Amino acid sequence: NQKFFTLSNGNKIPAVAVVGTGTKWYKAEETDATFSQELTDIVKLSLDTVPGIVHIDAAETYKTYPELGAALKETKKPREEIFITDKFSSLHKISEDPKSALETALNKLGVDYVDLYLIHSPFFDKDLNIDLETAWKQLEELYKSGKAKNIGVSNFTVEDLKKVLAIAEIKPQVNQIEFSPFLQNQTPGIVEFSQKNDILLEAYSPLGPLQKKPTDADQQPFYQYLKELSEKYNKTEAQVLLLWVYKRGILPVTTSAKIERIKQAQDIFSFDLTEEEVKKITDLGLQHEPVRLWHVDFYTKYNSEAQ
């Protein structure tokens, strides 16, 4: 049965997100010509066939609101069985500010509210005429009005979170970071700090080890063990890694275009990992060199602390 995290405000969030935009699907422009029927079809199929509350991870920067909106309109999946996470594009500006971004997104998606709204990066485009404090306060207002049921941030360091906490009326509920066995602290100490402060981590690119699965995998203890666990449980290697993230108290966010992988990700709560297994994945992961797929130009300088 489906598992949930409970945020600091008591609200529940499905403990895996399975509908996302993979890299192949990002768009540079949003026109009739660039509308992706293939993406809308996979989102619709997911909403139609994936059991339970389907957690969608969207973002302004992807320019895939039209495809999500068309799928949301065409499915009979009820709104209450969908959890929509959306993100203000701060690194490269599309809107003037979060309230503008979210109002535009709500309309394109054809919904009245999102379930979670994030600031996508702490590194604000020079062309934005708003600072972090002012942007957070806009999220606080979207929370108070109910346009965003929950609010948080993405790719924030400990120092960035502290800046928010110093000005916040509403404490951020989520920090979505890159997290995998090969990147166990996106920036120094972030996992421990977030968990101690009741800020839920989400992990994007949690399957980094399988995306970058190397030629000599069969001679690496990490991949040997991962295969062993897959065989033990009769589950995919991806499922084992996603479940490991959940067992670390973190919400894995995945972005497959393959419906059976999407269903498999939703179904991670069909099994469990023992305490020993969680610790062993952790430990073998930490022995591996870091793999970082996002915010590379900003955070490579932290790779020495990531494991």
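For every residue, the number given is its place in the sequence shown, counted from 1.
Looking at mean Cα B-factors across 121 to 129 and 149 to 157, the upper value is held by 121 to 129.
Mean CA temperature factor is higher for 22 to 30 when stretches 65 to 73 and 22 to 30 are set side by side in the entry. When the C-alpha B-factors of 95, 138, 186, 215 are ranked from the entry, the top spot goes to 215. Per the PDB record, 165 has a higher Cα B-factor than any other of 165, 200, 102, 190.
Annotation for residue 179: C-alpha temperature factor in the lowest third relative to the rest of the modelled chain, per the entry. Sort the modelled residues of the chain by CA B factor and residue 256 lands in the highest third.
Remark: residue 239 belongs to the lowest third of its chain, ranked by C-alpha B-factor as recorded. The deposited CA B-factor of residue 12 belongs to the middle third of values across its chain.
When all modelled residues of the chain are sorted by CA temperature factor, residue 143 is found within the middle third.
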